[PDB]
Amino acid sequence: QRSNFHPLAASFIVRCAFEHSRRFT
């Protein structure tokens with residue numbers, strides 16, 4: 001679903017963004 005993709009992008013982004021930086025720290 002595209003409509004749900006917008007709101008889901010943030011959730012998936014905050015999940016990878018946190019793990020993406022953690023690997024560095």
# chains A, B, ... in the order shown; residues from 1 in each chain; ligands from 1
>>> select_by_dssp(residues="chain A", states="helix (DSSP H, G or I)", output="list in words")
residues 2, 3, 4, 5, 6, 7, 8, 9, 10, 11, 12, 13, 14, 15, 16, 17, 18, 19, 20, 21 and 22 of chain A
>>> write_last_selection(atoms="N, CA, C and O atoms", output="mmCIF file, in the first residue's frame")
data_model
loop_
_atom_site.group_PDB
_atom_site.id
_atom_site.type_symbol
_atom_site.label_atom_id
_atom_site.label_comp_id
_atom_site.auth_asym_id
_atom_site.auth_seq_id
_atom_site.Cartn_x
_atom_site.Cartn_y
_atom_site.Cartn_z
ATOM 1 N N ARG A 2 0.548 2.187 -0.894
ATOM 2 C CA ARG A 2 1.297 3.433 -0.998
ATOM 3 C C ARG A 2 0.910 4.396 0.120
ATOM 4 O O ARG A 2 1.765 5.053 0.711
ATOM 5 N N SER A 3 -0.387 4.473 0.405
ATOM 6 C CA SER A 3 -0.889 5.358 1.450
ATOM 7 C C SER A 3 -0.263 5.015 2.799
ATOM 8 O O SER A 3 0.077 5.902 3.580
ATOM 9 N N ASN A 4 -0.117 3.721 3.064
ATOM 10 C CA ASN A 4 0.466 3.259 4.319
ATOM 11 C C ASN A 4 1.990 3.319 4.265
ATOM 12 O O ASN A 4 2.660 3.312 5.298
ATOM 13 N N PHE A 5 2.531 3.376 3.052
ATOM 14 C CA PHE A 5 3.976 3.436 2.863
ATOM 15 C C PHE A 5 4.543 4.742 3.413
ATOM 16 O O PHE A 5 5.623 4.762 4.006
ATOM 17 N N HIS A 6 3.807 5.831 3.213
ATOM 18 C CA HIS A 6 4.236 7.141 3.689
ATOM 19 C C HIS A 6 4.465 7.123 5.198
ATOM 20 O O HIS A 6 5.548 7.444 5.690
ATOM 21 N N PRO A 7 3.423 6.739 5.950
ATOM 22 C CA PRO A 7 3.486 6.670 7.413
ATOM 23 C C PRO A 7 4.382 5.537 7.902
ATOM 24 O O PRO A 7 4.904 5.581 9.018
ATOM 25 N N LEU A 8 4.559 4.524 7.061
ATOM 26 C CA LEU A 8 5.393 3.378 7.408
ATOM 27 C C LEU A 8 6.868 3.688 7.169
ATOM 28 O O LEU A 8 7.746 3.073 7.774
ATOM 29 N N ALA A 9 7.131 4.645 6.286
ATOM 30 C CA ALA A 9 8.499 5.038 5.971
ATOM 31 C C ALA A 9 9.230 5.529 7.216
ATOM 32 O O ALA A 9 10.397 5.203 7.431
ATOM 33 N N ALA A 10 8.536 6.314 8.034
ATOM 34 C CA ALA A 10 9.119 6.848 9.258
ATOM 35 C C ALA A 10 9.498 5.727 10.220
ATOM 36 O O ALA A 10 10.576 5.743 10.813
ATOM 37 N N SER A 11 8.604 4.755 10.371
ATOM 38 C CA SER A 11 8.843 3.628 11.265
ATOM 39 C C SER A 11 10.037 2.804 10.792
ATOM 40 O O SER A 11 10.901 2.430 11.585
ATOM 41 N N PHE A 12 10.078 2.524 9.493
ATOM 42 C CA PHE A 12 11.165 1.744 8.914
ATOM 43 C C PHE A 12 12.461 2.549 8.889
ATOM 44 O O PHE A 12 13.555 1.985 8.920
ATOM 45 N N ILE A 13 12.328 3.870 8.832
ATOM 46 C CA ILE A 13 13.487 4.753 8.805
ATOM 47 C C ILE A 13 14.119 4.875 10.187
ATOM 48 O O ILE A 13 15.342 4.880 10.325
ATOM 49 N N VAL A 14 13.275 4.972 11.210
ATOM 50 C CA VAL A 14 13.750 5.091 12.583
ATOM 51 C C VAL A 14 14.356 3.780 13.072
ATOM 52 O O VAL A 14 15.144 3.762 14.018
ATOM 53 N N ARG A 15 13.983 2.683 12.420
ATOM 54 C CA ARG A 15 14.489 1.366 12.788
ATOM 55 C C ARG A 15 15.872 1.129 12.190
ATOM 56 O O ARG A 15 16.746 0.546 12.833
ATOM 57 N N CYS A 16 16.063 1.582 10.956
ATOM 58 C CA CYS A 16 17.340 1.418 10.271
ATOM 59 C C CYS A 16 18.300 2.547 10.632
ATOM 60 O O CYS A 16 19.509 2.338 10.732
ATOM 61 N N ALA A 17 17.754 3.743 10.824
ATOM 62 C CA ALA A 17 18.562 4.905 11.173
ATOM 63 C C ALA A 17 19.259 4.705 12.514
ATOM 64 O O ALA A 17 20.409 5.109 12.695
ATOM 65 N N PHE A 18 18.557 4.080 13.454
ATOM 66 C CA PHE A 18 19.108 3.828 14.780
ATOM 67 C C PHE A 18 20.146 2.711 14.734
ATOM 68 O O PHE A 18 21.166 2.770 15.420
ATOM 69 N N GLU A 19 19.876 1.694 13.922
ATOM 70 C CA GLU A 19 20.787 0.562 13.787
ATOM 71 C C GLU A 19 21.963 0.915 12.882
ATOM 72 O O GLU A 19 23.051 0.350 13.010
ATOM 73 N N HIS A 20 21.739 1.852 11.967
ATOM 74 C CA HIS A 20 22.780 2.281 11.040
ATOM 75 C C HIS A 20 23.858 3.081 11.766
ATOM 76 O O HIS A 20 25.041 2.984 11.441
ATOM 77 N N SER A 21 23.439 3.873 12.747
ATOM 78 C CA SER A 21 24.367 4.694 13.516
ATOM 79 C C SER A 21 25.003 3.886 14.643
ATOM 80 O O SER A 21 26.166 4.090 14.989
ATOM 81 N N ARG A 22 24.229 2.968 15.213
ATOM 82 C CA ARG A 22 24.714 2.129 16.302
ATOM 83 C C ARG A 22 25.969 1.368 15.885
ATOM 84 O O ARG A 22 26.922 1.254 16.655
#
>>> decode(residues="chain A", atoms="C-alpha atoms", output="short mmCIF file (atom, residue, chain, number, x, y, z; two decimals), in the first residue's frame")
data_model
loop_
_atom_site.label_atom_id
_atom_site.label_comp_id
_atom_site.auth_asym_id
_atom_site.auth_seq_id
_atom_site.Cartn_x
_atom_site.Cartn_y
_atom_site.Cartn_z
CA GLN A 1 0.00 0.00 0.00
CA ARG A 2 1.30 3.43 -1.00
CA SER A 3 -0.89 5.36 1.45
CA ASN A 4 0.47 3.26 4.32
CA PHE A 5 3.98 3.44 2.86
CA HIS A 6 4.24 7.14 3.69
CA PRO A 7 3.49 6.67 7.41
CA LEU A 8 5.39 3.38 7.41
CA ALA A 9 8.50 5.04 5.97
CA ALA A 10 9.12 6.85 9.26
CA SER A 11 8.84 3.63 11.26
CA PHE A 12 11.16 1.74 8.91
CA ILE A 13 13.49 4.75 8.80
CA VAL A 14 13.75 5.09 12.58
CA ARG A 15 14.49 1.37 12.79
CA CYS A 16 17.34 1.42 10.27
CA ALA A 17 18.56 4.90 11.17
CA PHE A 18 19.11 3.83 14.78
CA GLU A 19 20.79 0.56 13.79
CA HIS A 20 22.78 2.28 11.04
CA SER A 21 24.37 4.69 13.52
CA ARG A 22 24.71 2.13 16.30
CA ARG A 23 27.10 0.10 14.14
CA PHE A 24 29.33 3.18 14.07
CA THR A 25 29.11 3.92 17.79
#
